[PDB]
């Protein structure tokens, strides 16, 4: 088996401006985002290719769960601002938590919070206990540990529940995370009035992201003039391109090359002037 990771991220603002939710949650599996939730709609919604996967999660229930998480998250943020006696300003609390497995074996886990960009508090499941970094975090740790069961639960979440959720999801995500979609390529050239002729090789609809795309001038790999790429999450596909300017009197042969894990061998696509 391979490497898989479930990550969640919470963003809370103490004084949100118009059109920006006070609380936002998102989650991802490896390089793709699978869901989202904010304090405006208050609904957990699947995203990307997960909008078509059925029976992996009850989104109506997860909505109730996020709503609960939100309340606690924002009270935490509120208590910090209270501590610093400065609710006139705009502060943010971002939290990150998730786990990862490799070869069906749990290979790691984390749980950390940031306040106004600085490390606030994090959980060390080995102890098991919360570690405070900011003075206000001393109060927070006190609260999150007022009962013996609390740390036991936090330890249980990273060691059992989370890695469980990740396994459940991989069962319904084989047709998503394990894909090996070969790249379609399209060579095209554009002539800017006054500038050299420019050839653009585009690789698309491929996955995973790792790819090699380069032009060749009579066999000699050229140094791209421009270059870029992207990941369309709604689709779960990547696109990558390269560009080269050609002398106004160059006859040499121009062929694009593409290598990718899903290809039995590299592809080649010459440009017909």
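Positions refer to the first chain, counted from 1.
As listed in the deposited structure, the average C-alpha B-factor of 152-160 and of 183-191 is greater for 183-191. Higher mean CA B-factor, judged across 240-248 and 205-213 from the recorded values: 240-248. Across the options 138, 175, 94, 107, the residue with the most elevated CA B-factor in the record is 175. Remark: of 229, 62, 41, 225, 225 shows the highest value [criterion: C-alpha B-factor in the PDB entry].
Remark: residue 21 belongs to the middle third of its chain, ranked by C-alpha B-factor as recorded.
Residue 11: CA B factor lies in the lowest third for its chain, per the PDB record. The deposited CA B-factor of residue 146 belongs to the middle third of values across its chain. In this PDB entry, residue 221 carries a Cα temperature factor that places it within the highest third of its chain's modelled residues. Annotation for residue 79: CA B-factor lies in the lowest third of the chain's modelled residues.
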